[PDB]
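structure.cif, holding mmCIF, C-alpha atoms:
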data_upload
loop_
_atom_site.group_PDB
_atom_site.id
_atom_site.type_symbol
_atom_site.label_atom_id
_atom_site.label_comp_id
_atom_site.auth_asym_id
_atom_site.auth_seq_id
_atom_site.Cartn_x
_atom_site.Cartn_y
_atom_site.Cartn_z
ATOM 1 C CA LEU C 1 59.945 183.796 -1.891
ATOM 2 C CA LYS C 2 57.895 181.225 0.020
ATOM 3 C CA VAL C 3 57.106 179.657 -3.371
ATOM 4 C CA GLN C 4 60.435 179.783 -5.203
ATOM 5 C CA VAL C 5 62.851 179.044 -2.347
ATOM 6 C CA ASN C 6 60.640 176.203 -1.100
ATOM 7 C CA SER C 7 60.615 174.855 -4.654
ATOM 8 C CA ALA C 8 64.397 175.257 -4.597
ATOM 9 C CA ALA C 9 64.689 173.542 -1.205
ATOM 10 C CA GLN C 10 62.521 170.678 -2.458
ATOM 11 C CA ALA C 11 64.784 170.480 -5.514
ATOM 12 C CA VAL C 12 67.932 170.242 -3.378
ATOM 13 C CA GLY C 13 66.320 167.647 -1.109
ATOM 14 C CA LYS C 14 65.478 165.439 -4.080
ATOM 15 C CA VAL C 15 69.049 165.561 -5.402
ATOM 16 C CA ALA C 16 70.752 165.349 -1.991
ATOM 17 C CA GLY C 17 68.618 164.268 0.940
ATOM 18 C CA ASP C 18 69.177 165.425 4.483
ATOM 19 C CA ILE C 19 71.194 163.605 7.118
ATOM 20 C CA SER C 20 69.190 161.584 9.622
ATOM 21 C CA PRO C 21 68.608 163.306 12.987
ATOM 22 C CA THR C 22 71.047 161.147 14.956
ATOM 23 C CA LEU C 23 70.396 160.476 18.637
ATOM 24 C CA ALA C 24 73.011 160.942 21.353
ATOM 25 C CA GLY C 25 70.709 161.649 24.309
ATOM 26 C CA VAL C 26 69.318 158.122 24.587
ATOM 27 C CA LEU C 27 69.296 157.178 28.265
ATOM 28 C CA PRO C 28 68.406 153.892 29.977
ATOM 29 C CA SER C 29 65.291 153.458 32.115
ATOM 30 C CA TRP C 30 67.086 154.304 35.382
ATOM 31 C CA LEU C 31 67.878 158.022 35.558
ATOM 32 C CA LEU C 32 64.162 158.702 35.943
ATOM 33 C CA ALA C 33 63.343 155.725 38.217
ATOM 34 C CA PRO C 34 63.251 155.785 42.038
ATOM 35 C CA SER C 35 65.226 153.328 44.131
ATOM 36 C CA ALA C 36 62.283 151.475 45.674
ATOM 37 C CA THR C 37 64.434 149.662 48.237
ATOM 38 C CA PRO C 38 64.009 150.942 51.810
ATOM 39 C CA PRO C 39 66.931 152.891 53.284
ATOM 40 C CA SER C 40 69.256 151.826 56.084
ATOM 41 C CA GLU C 41 67.126 153.805 58.552
ATOM 42 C CA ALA C 42 64.166 151.429 58.187
ATOM 43 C CA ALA C 43 66.391 148.406 58.900
ATOM 44 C CA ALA C 44 68.072 149.948 61.953
ATOM 45 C CA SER C 45 67.960 148.502 65.468
ATOM 46 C CA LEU C 46 65.714 151.249 66.840
ATOM 47 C CA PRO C 47 61.903 151.281 66.921
ATOM 48 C CA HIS C 48 60.637 154.202 64.889
ATOM 49 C CA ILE V 1 63.813 137.685 39.293
ATOM 50 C CA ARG V 2 61.709 140.804 38.901
ATOM 51 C CA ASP V 3 61.405 143.195 35.924
ATOM 52 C CA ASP V 4 64.198 141.270 34.095
ATOM 53 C CA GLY V 5 67.312 142.565 35.802
ATOM 54 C CA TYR V 6 65.935 144.686 38.625
ATOM 55 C CA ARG V 7 66.633 142.662 41.790
ATOM 56 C CA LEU V 8 68.363 139.545 43.053
ATOM 57 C CA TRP V 9 66.153 137.071 44.928
ATOM 58 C CA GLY V 10 67.162 134.304 47.302
ATOM 59 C CA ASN V 11 69.489 134.053 50.276
ATOM 60 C CA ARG V 12 70.036 130.374 51.065
ATOM 61 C CA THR V 13 73.469 128.916 50.394
ATOM 62 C CA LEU V 14 74.482 125.531 49.039
ATOM 63 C CA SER V 15 74.492 123.816 52.431
ATOM 64 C CA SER V 16 73.510 120.337 53.558
ATOM 65 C CA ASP V 17 72.795 121.565 57.097
ATOM 66 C CA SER V 18 69.572 123.426 57.844
ATOM 67 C CA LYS V 19 71.428 125.217 60.656
ATOM 68 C CA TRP V 20 73.728 126.892 58.102
ATOM 69 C CA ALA V 21 71.099 127.385 55.405
ATOM 70 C CA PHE V 22 71.195 131.182 55.152
ATOM 71 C CA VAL V 23 74.186 133.189 54.024
ATOM 72 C CA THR V 24 73.535 135.570 56.927
ATOM 73 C CA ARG V 25 74.112 132.664 59.287
ATOM 74 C CA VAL V 26 77.446 132.143 57.523
ATOM 75 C CA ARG V 27 78.438 135.789 56.984
ATOM 76 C CA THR V 28 77.702 136.849 60.570
ATOM 77 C CA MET V 29 79.608 133.773 61.751
ATOM 78 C CA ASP V 30 82.843 134.935 60.132
ATOM 79 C CA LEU V 31 82.451 138.723 60.047
ATOM 80 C CA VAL V 32 81.928 139.108 63.757
ATOM 81 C CA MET V 33 84.742 136.668 64.624
ATOM 82 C CA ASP V 34 87.208 138.602 62.500
ATOM 83 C CA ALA V 35 85.776 141.885 63.782
ATOM 84 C CA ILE V 36 86.245 140.451 67.280
ATOM 85 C CA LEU V 37 89.908 140.046 66.324
ATOM 86 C CA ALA V 38 90.219 143.493 64.735
ATOM 87 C CA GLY V 39 90.721 145.684 67.780
ATOM 88 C CA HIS V 40 91.593 142.734 70.011
ATOM 89 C CA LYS V 41 94.846 141.989 68.175
ATOM 90 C CA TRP V 42 96.595 142.340 71.565
ATOM 91 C CA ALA V 43 95.291 138.904 72.631
ATOM 92 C CA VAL V 44 98.279 137.036 71.116
ATOM 93 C CA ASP V 45 100.752 138.842 73.405
ATOM 94 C CA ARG V 46 100.462 140.298 76.934
ATOM 95 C CA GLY V 47 101.011 136.914 78.563
ATOM 96 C CA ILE V 48 98.637 135.179 80.919
ATOM 97 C CA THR V 49 98.531 137.033 84.213
ATOM 98 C CA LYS V 50 95.619 137.094 86.659
ATOM 99 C CA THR V 51 93.879 140.023 84.985
ATOM 100 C CA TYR V 52 94.541 138.856 81.398
ATOM 101 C CA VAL V 53 91.827 136.179 81.289
ATOM 102 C CA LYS V 54 89.599 138.799 82.896
ATOM 103 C CA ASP V 55 90.828 141.568 80.555
ATOM 104 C CA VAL V 56 89.398 140.165 77.327
ATOM 105 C CA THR V 57 86.355 138.353 78.745
ATOM 106 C CA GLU V 58 84.729 141.775 79.030
ATOM 107 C CA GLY V 59 86.876 143.060 76.192
ATOM 108 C CA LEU V 60 84.733 140.857 73.987
ATOM 109 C CA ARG V 61 81.575 141.507 76.010
ATOM 110 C CA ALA V 62 82.011 145.250 75.516
ATOM 111 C CA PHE V 63 82.648 144.785 71.794
ATOM 112 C CA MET V 64 79.825 142.328 71.151
ATOM 113 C CA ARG V 65 77.340 144.590 72.923
ATOM 114 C CA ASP V 66 78.356 147.139 70.295
ATOM 115 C CA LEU V 67 77.381 144.491 67.743
ATOM 116 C CA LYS V 68 74.141 143.873 69.640
ATOM 117 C CA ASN V 69 73.143 147.540 69.775
ATOM 118 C CA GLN V 70 73.691 148.129 66.047
ATOM 119 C CA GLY V 71 71.563 145.072 65.281
ATOM 120 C CA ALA V 72 74.342 142.769 64.065
ATOM 121 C CA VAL V 73 73.322 140.147 66.623
ATOM 122 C CA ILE V 74 70.576 139.686 69.161
ATOM 123 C CA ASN V 75 71.324 138.808 72.791
ATOM 124 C CA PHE V 76 74.546 136.942 73.538
ATOM 125 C CA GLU V 77 76.796 135.704 76.316
ATOM 126 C CA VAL V 78 80.592 135.790 76.641
ATOM 127 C CA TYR V 79 82.305 133.877 79.428
ATOM 128 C CA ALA V 80 85.610 132.174 80.113
ATOM 129 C CA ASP V 81 85.625 128.385 79.921
ATOM 130 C CA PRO V 82 85.524 126.941 83.466
ATOM 131 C CA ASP V 83 86.446 123.291 82.952
ATOM 132 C CA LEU V 84 88.809 123.177 79.977
ATOM 133 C CA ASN V 85 90.971 126.016 81.292
ATOM 134 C CA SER V 86 93.698 124.442 83.410
ATOM 135 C CA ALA V 87 97.242 125.216 84.484
ATOM 136 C CA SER V 88 98.596 122.227 82.548
ATOM 137 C CA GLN V 89 97.841 123.915 79.216
ATOM 138 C CA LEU V 90 97.954 127.521 80.408
ATOM 139 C CA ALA V 91 101.739 127.144 80.439
ATOM 140 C CA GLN V 92 101.378 125.780 76.897
ATOM 141 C CA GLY V 93 99.654 129.035 75.865
ATOM 142 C CA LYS V 94 96.154 127.663 75.346
ATOM 143 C CA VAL V 95 93.306 129.409 77.174
ATOM 144 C CA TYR V 96 89.675 129.109 76.136
ATOM 145 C CA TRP V 97 86.690 131.447 75.954
ATOM 146 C CA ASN V 98 83.113 130.429 75.178
ATOM 147 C CA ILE V 99 81.117 132.671 72.838
ATOM 148 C CA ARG V 100 77.383 132.094 72.416
ATOM 149 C CA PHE V 101 75.369 134.471 70.275
ATOM 150 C CA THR V 102 72.226 134.193 68.217
ATOM 151 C CA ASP V 103 71.901 136.342 65.117
ATOM 152 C CA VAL V 104 69.039 138.138 63.408
ATOM 153 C CA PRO V 105 66.897 136.017 61.064
ATOM 154 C CA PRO V 106 66.132 137.392 57.595
ATOM 155 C CA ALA V 107 62.403 137.739 56.964
ATOM 156 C CA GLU V 108 62.275 135.824 53.706
ATOM 157 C CA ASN V 109 58.629 134.794 54.259
ATOM 158 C CA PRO V 110 56.464 137.217 56.248
ATOM 159 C CA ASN V 111 53.015 135.776 56.938
ATOM 160 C CA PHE V 112 50.026 138.034 57.649
ATOM 161 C CA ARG V 113 47.204 136.518 59.655
ATOM 162 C CA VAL V 114 44.652 139.287 59.170
ATOM 163 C CA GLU V 115 41.875 139.436 61.759
ATOM 164 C CA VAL V 116 39.163 142.030 62.367
ATOM 165 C CA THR V 117 36.946 142.894 65.333
ATOM 166 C CA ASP V 118 35.167 145.830 66.969
ATOM 167 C CA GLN V 119 36.214 145.517 70.628
ATOM 168 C CA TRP V 120 37.176 141.875 71.279
ATOM 169 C CA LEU V 121 35.414 139.518 68.822
ATOM 170 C CA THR V 122 33.993 139.342 65.314
ATOM 171 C CA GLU V 123 30.618 141.018 65.830
ATOM 172 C CA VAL V 124 29.293 140.104 62.367
ATOM 173 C CA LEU V 125 30.139 136.411 62.741
#

Taking this structure as input, can you express it in the form of structure tokens?
Amino acid sequence: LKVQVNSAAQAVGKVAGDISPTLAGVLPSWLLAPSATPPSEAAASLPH
Amino acid sequence: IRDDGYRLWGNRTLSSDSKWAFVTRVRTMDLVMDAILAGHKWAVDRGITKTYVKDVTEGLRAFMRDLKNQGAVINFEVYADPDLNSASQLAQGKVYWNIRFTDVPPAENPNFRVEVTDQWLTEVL
């Protein structure tokens, strides 16, 4: 069965190829990126 | 400037005067003097009695010290105008107050004079 069905799956893939693995989870370079600007606490009018 | 899209860079405005070069000189000029007015909208009525000139001259001093404590300005002075205030134009409705504040400078160019020592001087050289 690992011989005949794989030869049958290779035969189907030659006649009709598979669909491409489309990508919907492509994110920009932000959602894993820290905001490197200092917060409003560091710019406050109080010595730390 | 940096990383192609990451941050803006530059704060000086298109100004011919070096006094008004920064936008923070211009923004804090107009956004305290319309925040002065917001809250002190009663200064266009309640006609000029003896306490009225005295009512807002620490009405502004108590509001601008709230600007000073939150860092919006550094030390200021608010006082009624001694010479231009007169009874000839107080009946006209005009009455003057003098505002003098300096604002915080933005540190666009921090210099770092590094120096090393052990107790008081460079012991190596």

I need the residue set behind the PyMOL selection byres ((chain V) within 12 of (chain C)) for this file; please write it as a compact mmCIF listing (two decimals) with C-alpha atoms, in the frame of the given file.
# COMPACT_ATOMS: atom_id res chain seq x y z
CA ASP V 3 61.40 143.20 35.92
CA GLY V 5 67.31 142.56 35.80
CA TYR V 6 65.94 144.69 38.62
CA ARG V 7 66.63 142.66 41.79
CA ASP V 66 78.36 147.14 70.30
CA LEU V 67 77.38 144.49 67.74
CA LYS V 68 74.14 143.87 69.64
CA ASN V 69 73.14 147.54 69.78
CA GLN V 70 73.69 148.13 66.05
CA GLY V 71 71.56 145.07 65.28
CA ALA V 72 74.34 142.77 64.06
CA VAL V 73 73.32 140.15 66.62
CA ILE V 74 70.58 139.69 69.16
CA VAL V 104 69.04 138.14 63.41
CA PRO V 106 66.13 137.39 57.60
CA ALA V 107 62.40 137.74 56.96

Where does the PyMOL selection byres ((chain V and resi 53) around 12) land in this file, that is, which residues does it pick, as a PyMOL selection string? chain V and resi 43+46-52+54-60+79-82+85+90+93-97

For residue V:27: contacts at 12 Å, only C-alpha atoms, fewer than 2 positions along chain excluded, given as a CSV table (one decimal) with C-alpha atoms, keeping the file's coordinate frame:
chain,number,residue,atom,x,y,z
V,11,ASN,CA,69.5,134.1,50.3
V,12,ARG,CA,70.0,130.4,51.1
V,13,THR,CA,73.5,128.9,50.4
V,20,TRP,CA,73.7,126.9,58.1
V,21,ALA,CA,71.1,127.4,55.4
V,22,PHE,CA,71.2,131.2,55.2
V,23,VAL,CA,74.2,133.2,54.0
V,24,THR,CA,73.5,135.6,56.9
V,25,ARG,CA,74.1,132.7,59.3
V,29,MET,CA,79.6,133.8,61.8
V,30,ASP,CA,82.8,134.9,60.1
V,31,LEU,CA,82.5,138.7,60.0
V,32,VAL,CA,81.9,139.1,63.8
V,33,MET,CA,84.7,136.7,64.6
V,34,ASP,CA,87.2,138.6,62.5
V,35,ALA,CA,85.8,141.9,63.8
V,72,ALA,CA,74.3,142.8,64.1
V,73,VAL,CA,73.3,140.1,66.6
V,103,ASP,CA,71.9,136.3,65.1
V,104,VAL,CA,69.0,138.1,63.4

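Note that the spacing between atom CA of residue V:76 and atom CA of residue V:63 amounts to 11.4 Å.
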
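Among the candidate residues V:45, V:77, V:4, V:123, the one lying nearest to residue V:99 is V:77, with distances computed using all atoms listed in the file.
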
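Our summary of the geometry notes that atom CA of residue V:10 is positioned 14.7 Å from atom CA of residue V:26.
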
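Note that the spacing between atom CA of residue C:39 and atom CA of residue V:110 amounts to 19.1 Å.
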
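Each of V:78, V:116, V:1, V:124 was compared to residue V:36 using all atoms listed in the file, and V:78 turns out to be the nearest.
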
Could I see stretch 9-20 of chain C restored to N, CA and C atoms, set down as an mmCIF file, in the frame of the given file?
data_model
loop_
_atom_site.group_PDB
_atom_site.id
_atom_site.type_symbol
_atom_site.label_atom_id
_atom_site.label_comp_id
_atom_site.auth_asym_id
_atom_site.auth_seq_id
_atom_site.Cartn_x
_atom_site.Cartn_y
_atom_site.Cartn_z
ATOM 1 N N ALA C 9 64.310 174.439 -2.290
ATOM 2 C CA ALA C 9 64.689 173.542 -1.205
ATOM 3 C C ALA C 9 64.164 172.131 -1.425
ATOM 4 N N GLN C 10 62.994 171.996 -2.053
ATOM 5 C CA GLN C 10 62.521 170.678 -2.458
ATOM 6 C C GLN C 10 63.369 170.101 -3.581
ATOM 7 N N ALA C 11 63.935 170.959 -4.431
ATOM 8 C CA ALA C 11 64.784 170.480 -5.514
ATOM 9 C C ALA C 11 66.132 170.001 -4.994
ATOM 10 N N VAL C 12 66.677 170.681 -3.983
ATOM 11 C CA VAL C 12 67.932 170.242 -3.378
ATOM 12 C C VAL C 12 67.722 168.949 -2.596
ATOM 13 N N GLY C 13 66.592 168.839 -1.894
ATOM 14 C CA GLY C 13 66.320 167.647 -1.109
ATOM 15 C C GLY C 13 66.064 166.408 -1.944
ATOM 16 N N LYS C 14 65.615 166.583 -3.188
ATOM 17 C CA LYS C 14 65.478 165.439 -4.080
ATOM 18 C C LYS C 14 66.838 164.972 -4.581
ATOM 19 N N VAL C 15 67.723 165.915 -4.909
ATOM 20 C CA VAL C 15 69.049 165.561 -5.402
ATOM 21 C C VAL C 15 69.913 165.024 -4.268
ATOM 22 N N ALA C 16 69.999 165.767 -3.168
ATOM 23 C CA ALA C 16 70.752 165.349 -1.991
ATOM 24 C C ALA C 16 69.840 165.440 -0.778
ATOM 25 N N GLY C 17 69.456 164.291 -0.237
ATOM 26 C CA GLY C 17 68.618 164.268 0.940
ATOM 27 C C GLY C 17 69.363 164.701 2.187
ATOM 28 N N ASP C 18 68.593 164.967 3.235
ATOM 29 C CA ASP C 18 69.177 165.425 4.483
ATOM 30 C C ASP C 18 69.773 164.261 5.270
ATOM 31 N N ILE C 19 70.666 164.601 6.199
ATOM 32 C CA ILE C 19 71.194 163.605 7.118
ATOM 33 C C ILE C 19 70.107 163.248 8.128
ATOM 34 N N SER C 20 70.151 162.014 8.621
ATOM 35 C CA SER C 20 69.190 161.584 9.622
ATOM 36 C C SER C 20 69.453 162.302 10.943
#
